[PDB]
Amino acid sequence: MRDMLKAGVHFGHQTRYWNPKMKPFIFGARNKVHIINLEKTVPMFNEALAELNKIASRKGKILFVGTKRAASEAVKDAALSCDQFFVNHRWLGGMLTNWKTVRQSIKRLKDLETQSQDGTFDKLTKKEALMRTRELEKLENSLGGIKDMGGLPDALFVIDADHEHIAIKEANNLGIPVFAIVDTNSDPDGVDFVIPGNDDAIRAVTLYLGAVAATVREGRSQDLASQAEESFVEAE
RNA sequence: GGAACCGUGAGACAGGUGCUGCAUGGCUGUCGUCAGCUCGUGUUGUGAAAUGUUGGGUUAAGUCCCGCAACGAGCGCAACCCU
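So the first sequence is numbered by the deposited numbering: it starts at 5 and just counts up by one.
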């Protein structure tokens, strides 16, 4: 299970771009950063982790959102260790509301790939072929992780409430729990299960995203494994 | 006896570039070949509406690229015919 006393990674972040709604989580600004209370972060870890093991052992799906280039690679690897979905590139208009029509773009993607592998690849004009390549590119970029969705999630995990604020809104009107590791620059009231921690920093986001993923595989039907996201921490 | 056309007598009836196109169909002229004009759904607003068609680069052009709650689509453009 998780370990306490993480005063060598997370803690405070962001200079003076804070939101007054985050005072109950700030220790005390010193020369620059506001600094977060590691004493309050722990109790949050427990409450947030408790609700986690609930949906984990309940066979509930989670959607890890991460558009920020600070945890772009971490959000995927963490979502790979477990059988969960994720959004790494960019968050479309009516993916859940207008599911049917949106999937028609997925079917065309699979239909074009089957036509690009070898079957009738260079039969028609090249201009029309180059047209199928662009469509594939555009489709593969936006339909990268939503291609595995065949039915409408139980919860969403964000890395920053403000950056993925759009994901927070749609998750609120739908009545879906929201887990996320945000800091001073945000509104905690929007997160029913918030984790006061550094939003940025690769070594910061990987810790929890790796511990949370580890707590998911355990208490489900799998054994704990070493985090491969640590190799990406060498970005420093 | 009787089909046909035809002529006279008799009956029932036609016809009108006669008016109104501000009662109209159809067709045509014109601003225009001028270049853009809109829709479905989502989001924002009490609402009329807005967003998307704004912004940066670029082009003969919403031509294209980049960014962006927008995602797609239709008429137009382009392409498909002839000299």
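Even for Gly, the Cβ is constructed at its ideal location relative to N, Cα and C.
Which of helix, strand or coil DSSP assigns to residue i
i    : result
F125 : coil
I39  : coil
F236 : helix
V195 : coil
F31  : coil
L156 : coil
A54  : helix
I170 : helix
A217 : helix
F183 : strand
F15  : coil
8 Å Cβ shell around residue i - same chain, five flanking residues per side excluded
i    : result
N41  : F29, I30, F31 and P200
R207 : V13, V237 and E240
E234 : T210 and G214
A11  : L42
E144 : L113
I170 : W95
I39  : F15, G16, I30, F31, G32 and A33
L178 : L100
Which listed residue (the options) has its alpha carbon closest to that of residue i
i    : options                   : result
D187 : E132, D166, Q231 and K80  : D166
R62  : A232, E234, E222 and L228 : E222
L9   : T45, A218, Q18 and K27    : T45
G64  : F49, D81 and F89          : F89
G97  : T71, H38 and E174         : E174
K25  : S230, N189 and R94        : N189
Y21  : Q226, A218, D203 and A217 : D203
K27  : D191, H93 and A229        : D191
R6   : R34, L116, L53 and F15    : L53
Own chain, CB closer than 7 Å to residue i, minus 5 neighbours either side, in chain order
i    : result
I172 : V162, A165, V182 and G194
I150 : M99
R224 : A60 and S61
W103 : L156
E77  : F236
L128 : none
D196 : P181 and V182
Residue i, enclosing alpha helix (DSSP H) - first and last residue
i    : result
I163 : Counting along the chain, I163 falls outside any alpha helix (DSSP H), and DSSP gives it neither H nor E.
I110 : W103 to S120
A78  : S76 to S85
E222 : Segment: none, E222 is in no alpha helix (DSSP H) and carries neither H nor E.
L9   : Unbroken run through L9: none, as it is neither H nor E.
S146 : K130 to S146
Nearest-angstrom beta carbon gap, residue j and residue i [assumed within contact, 8 Å]
i    : j    : result
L147 : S120 : Not really, about 15 Å apart at Cβ, beyond 8 Å.
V79  : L213 : 7 Å
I180 : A159 : 6 Å
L56  : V220 : 7 Å
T71  : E168 : 6 Å
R136 : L113 : Between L113 and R136 the Cβ distance is about 11 Å, and since that is not below 8 Å, they are no contact.
Residues of its chain near residue i, where Cβ-Cβ distance is below 6 Å and the 5 sequence neighbours each way are ignored
i    : result
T19  : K36
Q231 : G214
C86  : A217, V220 and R221
The beta strand (DSSP E) enclosing residue i, as first and last residue numbers
i   : result
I66 : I66 to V69
Cβ-heavy atom distance, residue i to the ligand NAP, below 7 Å
i   : result
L96 : Here there are no bound small molecules, and the ligand NAP is not part of this structure.
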